[PDB]
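Asker: This is the structure I want to talk about, given as structure tokens.
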Amino acid sequence: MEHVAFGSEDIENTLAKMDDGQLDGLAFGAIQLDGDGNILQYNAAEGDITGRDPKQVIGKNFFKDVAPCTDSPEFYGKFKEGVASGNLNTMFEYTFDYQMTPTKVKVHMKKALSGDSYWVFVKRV
Ligand SMILES: *C(=O)/C=C\c1ccc(O)cc1
């Protein structure tokens, strides 16, 4: 298992070296979205939390298709604000409840080191 702590200050640098396979080795869920909310990456830990099969969600829009409970000012709103601002680094609790047992989680969104890509890190609370 890759040794990286949720919420680590330089997490974006560390994950820039990881391929989809090493990303599956994290202790928390990790989703990479492009500026429009499309899923580029989605690790195994996230699949365990959301129950969705990784390879099947990639390419799908996170706010419209996959996680509609996140289509709100509290989640999607902070994301859209961050993309347009070109900066994003926020953490908060949220409850995941679309087609799944209501699950409380800690979310951490942060701009990737890459160009137009952003990270959503998820862990159980
Ligand atoms: C609200 O809907 C939050 C998260 C979420 C994640 C994965 C899937 O499939 C649905 C919903």
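Each chain in the structure tokens gets a letter, A, B and so on, in the order shown; residues start at 1 in every chain, and ligands are counted from 1 in the order they appear.
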Could you find all residues in stretch 10-95 of chain A that DSSP calls helix (DSSP H, G or I) from the backbone, and write them as a PyMOL selection string?
Answerer: chain A and resi 11-15+20-23+44-50+54-57+62-66+68-70+76-85
Asker: Once you have the residues from the selection above, write them out as a compact mmCIF listing (two decimals), in the first residue's frame, restricted to C-alpha atoms.
Answerer:
```
# COMPACT_ATOMS: atom_id res chain seq x y z
CA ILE A 11 -0.65 15.26 -1.78
CA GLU A 12 -0.93 16.59 -5.35
CA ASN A 13 2.82 16.22 -5.94
CA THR A 14 2.83 12.69 -4.59
CA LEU A 15 -0.11 11.53 -6.71
CA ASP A 20 -4.24 4.07 -12.18
CA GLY A 21 -2.75 0.96 -10.59
CA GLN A 22 -0.84 2.65 -7.77
CA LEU A 23 -3.83 4.90 -7.16
CA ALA A 44 -10.65 0.92 -5.71
CA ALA A 45 -11.15 2.49 -2.27
CA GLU A 46 -13.77 4.81 -3.77
CA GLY A 47 -15.47 1.83 -5.40
CA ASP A 48 -15.65 0.19 -1.96
CA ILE A 49 -17.30 3.28 -0.51
CA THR A 50 -19.69 4.08 -3.36
CA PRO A 54 -14.20 1.93 -11.29
CA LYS A 55 -13.80 1.06 -14.98
CA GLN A 56 -17.51 1.71 -15.51
CA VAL A 57 -17.66 5.29 -14.24
CA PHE A 62 -19.64 13.07 -11.73
CA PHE A 63 -22.30 15.73 -11.00
CA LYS A 64 -24.86 14.85 -13.64
CA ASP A 65 -24.59 11.08 -13.96
CA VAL A 66 -22.67 9.51 -11.08
CA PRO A 68 -26.25 13.72 -8.27
CA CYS A 69 -26.43 14.17 -4.51
CA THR A 70 -23.33 16.32 -5.03
CA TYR A 76 -20.60 21.19 -7.00
CA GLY A 77 -20.73 24.90 -6.17
CA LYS A 78 -17.36 24.86 -4.44
CA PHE A 79 -15.94 22.88 -7.35
CA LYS A 80 -17.20 25.20 -10.06
CA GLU A 81 -15.93 28.15 -8.03
CA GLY A 82 -12.52 26.54 -7.76
CA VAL A 83 -12.17 25.64 -11.44
CA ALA A 84 -13.09 29.15 -12.59
CA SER A 85 -10.75 30.62 -9.97
```
Asker: For a quick check of understanding, using only C-alpha atoms, which of A:119, A:96, A:42, A:6 has the smallest distance to residue A:28?
Answerer: A:6
Asker: Residue A:67: which residues within 12 Å, counting only C-alpha atoms, same-chain residues fewer than 6 positions away excluded, as a PyMOL selection string?
Answerer: chain A and resi 31+37-39+50-52+57+60-61+75-76+95-100
Asker: Could you tell me which of A:17, A:3, A:111, A:104 comes closest to residue A:32 if we count only C-alpha atoms?
Answerer: A:111
Asker: Enumerate the residues of chain A with a DSSP assignment of strand (DSSP E), computed from the backbone, and present them as a PyMOL selection string.
Answerer: chain A and resi 29-34+39-42+89-96+103-111+117-124
Asker: Which one of A:86, A:118, A:36, A:30 sits closest to ligand 1 if you count only C-alpha atoms and all ligand atoms?
Answerer: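 Among the listed residues, A:30 lies closest to ligand 1.
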Asker: Calculated over only C-alpha atoms and all ligand atoms, which of the candidates A:110, A:9, A:34, A:121 has the smallest distance to ligand 1?
Answerer: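 Of all the options, A:121 lies closest to ligand 1.
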Asker: Between A:91, A:125, A:33, A:40, which has the minimum distance to residue A:58 (counting only C-alpha atoms)?
Answerer: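 Selected residue with least distance to residue A:58: A:40.
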